[PDB]
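Following: one structure in structure tokens, then a few remarks.
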Amino acid sequence: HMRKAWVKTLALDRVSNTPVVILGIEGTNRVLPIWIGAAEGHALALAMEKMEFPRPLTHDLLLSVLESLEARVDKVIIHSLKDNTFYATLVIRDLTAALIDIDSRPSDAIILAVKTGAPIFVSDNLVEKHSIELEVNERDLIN
Amino acid sequence: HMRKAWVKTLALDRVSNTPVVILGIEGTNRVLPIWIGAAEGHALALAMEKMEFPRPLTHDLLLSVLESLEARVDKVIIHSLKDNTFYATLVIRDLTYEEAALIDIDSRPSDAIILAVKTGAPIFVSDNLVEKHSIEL
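Residue numbers (this note's numbering), protein chains in the order written: chain A, 77 to 219; chain B, 640 to 776.
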């Protein structure tokens, strides 16, 4: 199935210089990096900072729509890598298995997860094929 | 009490280096300029260009959410302006069905306009704003 992940860290990559996401894979010393666009980075940094703004940003709007339709984000699954691209599923639950799988970028799914506090899962297959494991010196190198 | 509107151009404000949406006003000679940030003007440019990517962008995400909950964008209103900040209303329609079954979600003008462009749905502006804050070409 799928193992639970959280957001370890959101860096700017020290060469290519775009945002990157390190998903920690709960229960393990493994992390999965996903390279996202610049705007999605700034949106995420704001969600991570749990940042109060006097105007609803694009994911606030989305969650309003969910709210308004008595439904709520449930969980968020990053499930495939096809040719340098990461496919995620945003699973809505309809407050009125009443679940809906909606296709999503990982960056979006991961933002909404942060804002709601709803869990993030990563496909087993991803973890095996595409995650990496850190020693002592490896992890320290990024703090 | 409010006028139809549309997106005339997405200009740069080459002083402040920042996008302005220039909304036309159906049946008049004046337009209303709304400043938005660059991330947002790029979102809007992509919509105006009206084209494909393989992956759903955030606003495509949101619409994709609407689809699934039997719902859709009905219209979009820019009602107010306190301190250089414009205040919109995404009105969504309950596609489970009437006039009272409409939803008034508070939204920035950036995301409102963007979601109307994407859907082909009518933008309006409050009589109020047009009176004080519109302008000539």
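Beta carbons: idealized from backbone N, C-alpha and C, even for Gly.
In this structure, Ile661 of chain B places its C-beta atom within 8 Å of the C-beta atom of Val670 of chain B. Proximity of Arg711 of chain B to chain A, defined by a Cβ-Cβ separation below 8 Å, is not satisfied. One alpha carbon belongs to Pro658 of chain B, the other to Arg215 of chain A, and they sit about 41 Å apart. At least one C-beta of chain A is nearer than 8 Å to the C-beta of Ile731 of chain B. Bounds of the alpha helix (DSSP H) holding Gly680 of chain B are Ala677 to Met687. For chain A, the residues of the stretch 666 to 680 of chain B that bring a beta carbon within less than 7 Å of one of its beta carbons are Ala678, in chain order. Taking 9 Å as the Cβ-Cβ cut-off, the stretch 680 to 702 of chain B approaches chain A at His681, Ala682, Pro693, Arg694, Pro695, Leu696, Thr697, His698, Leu700 and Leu701, given in chain order. Around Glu102 of chain A, the same chain offers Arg79, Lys80, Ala81 and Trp82 as residues with beta carbons nearer than 8 Å, after the five sequence neighbours per side are excluded. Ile186 of chain A has a beta carbon lying at 8 Å or more from every beta carbon in chain B. The shortest CA-to-CA distance from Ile742 of chain B to any of B:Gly676, B:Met687 and B:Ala727 is the one to B:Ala727. The beta carbon of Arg215 of chain A sits no closer than 8 Å to any beta carbon of chain B. Straight through space, the alpha carbons of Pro672 of chain B and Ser773 of chain B are spaced by roughly 7 Å.
Taking a cut-off of 8 Å for Cβ pairs, the stretch 752 to 765 of chain B and the stretch 698 to 708 of chain B touch, as three or more such pairs fall below it. In the DSSP assignment, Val190 of chain A falls within the unbroken alpha helix (DSSP H) covering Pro182 to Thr192. Identification of chain A residues near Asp745 of chain B by a Cβ-Cβ cut-off of 8 Å yields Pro132 and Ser140, ordered along the chain. Sixteen is the threshold: when 16 or more other Cβ atoms of the shown chains lie within 10 Å of the Cβ of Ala119 of chain A, as they do, the residue is buried.
Judged by beta-carbon spacing, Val149 of chain A lies beyond the 8 Å limit of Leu122 of chain A, meaning their Cβ atoms are not closer than that value. For a cut-off of 8 Å, the C-beta gap from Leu649 of chain B to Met687 of chain B is around 6 Å, short enough to register as a contact.
Put simply, the CB of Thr657 of chain B is far from chain A, with every gap to its CB atoms at 8 Å or more.
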